[PDB]
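In: Pasting an experimental structure with its sequence.
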Amino acid sequence: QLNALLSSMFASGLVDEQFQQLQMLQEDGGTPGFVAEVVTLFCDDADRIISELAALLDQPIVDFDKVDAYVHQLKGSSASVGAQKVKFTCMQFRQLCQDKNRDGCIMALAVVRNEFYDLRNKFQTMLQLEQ
């Protein structure tokens, strides 16, 4: 059910072993709402940072230091819930921002947007099944 959703999430690699450690917390009585709050915070942060990145990458002159700082936040957020494919994406922005390669930042943003929407959807049914 939820067990099979969860296995699918690891087996497809949307989440790594840190996420396992997280959910071990939810499955034990004694930390109520923790998992859900951390996950939700990832869905809200990731979502707001991706929108801000999209607006920055469409300005006439791109502030590449700011894209880089926003990505760096997205990296820490994705790392908190073990969203490894997002985190790995975030890491390819460095050379892109070094080079001031708008093309490449727009492409990596779309990759990150897709991997995010996919993990988010999983997380959302995750939480709903749990309620």
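Out: Cool, the structure landed. Numbers count the residues shown, from 1 in each chain.
In: For residue 104, see how far away residue 110 is.
Out: For residue 110, the distance to residue 104 (C-beta to C-beta, to the nearest Å) stands at 11 Å. In short, each C-beta sits where N, CA and C put it, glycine included.
In: Helices of the protein, start to end?
Out: Taking DSSP state H, the helices of the chain run over residues 2-11, 17-26, 34-56, 64-80, 84-91, 93-98, 102-130.
In: Any chance of those helices in JSON lines with mean neighbour count as columns?
Out: Putting the helices of the chain into JSON lines (neighbours: other C-beta atoms under 10 Å) gives the following:
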{"stretch": "helix 2-11", "mean neighbour count": "12"}
{"stretch": "helix 17-26", "mean neighbour count": "15"}
{"stretch": "helix 34-56", "mean neighbour count": "16"}
{"stretch": "helix 64-80", "mean neighbour count": "18"}
{"stretch": "helix 84-91", "mean neighbour count": "20"}
{"stretch": "helix 93-98", "mean neighbour count": "17"}
{"stretch": "helix 102-130", "mean neighbour count": "16"}
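In: Now tell me what touches stretch 51-63 from outside.
Out: Stretch 51-63 is contacted from outside by 66, 67, 70, 71, 74, 100, 102, 105, 106, 109, using C-beta atoms under 8 Å, 6 or more residues apart in numbering.
In: so how far is the first residue of it from its last?
Out: Distance across stretch 51-63, first residue to last, is 15 Å (C-alpha to C-alpha, to the nearest Å).
In: can you check stretch 51-69 too?
Out: Taking C-alpha to C-alpha, the first and last residues of stretch 51-69 lie 14 Å apart.
In: just how off-centre is it within its chain?
Out: Offset of stretch 51-69 from its chain centre (C-alpha atoms, centre = their mean, to the nearest Å): 18 Å.
In: How about the contacts made by the residue nearest the centre of the chain?
Out: In the chain, the centroid-proximal residue (C-alpha atoms, centre = their mean) is residue 78; its distance is 3.9 Å. Counting by C-beta under 8 Å, 6+ apart, residue 78 touches 42, 46, 84, 86, 87, 90.
In: how does it look with 7 Å?
Out: By C-beta atoms under 7 Å, 6 or more residues apart in numbering, residue 78 lies in contact with 46, 86, 87, 90.
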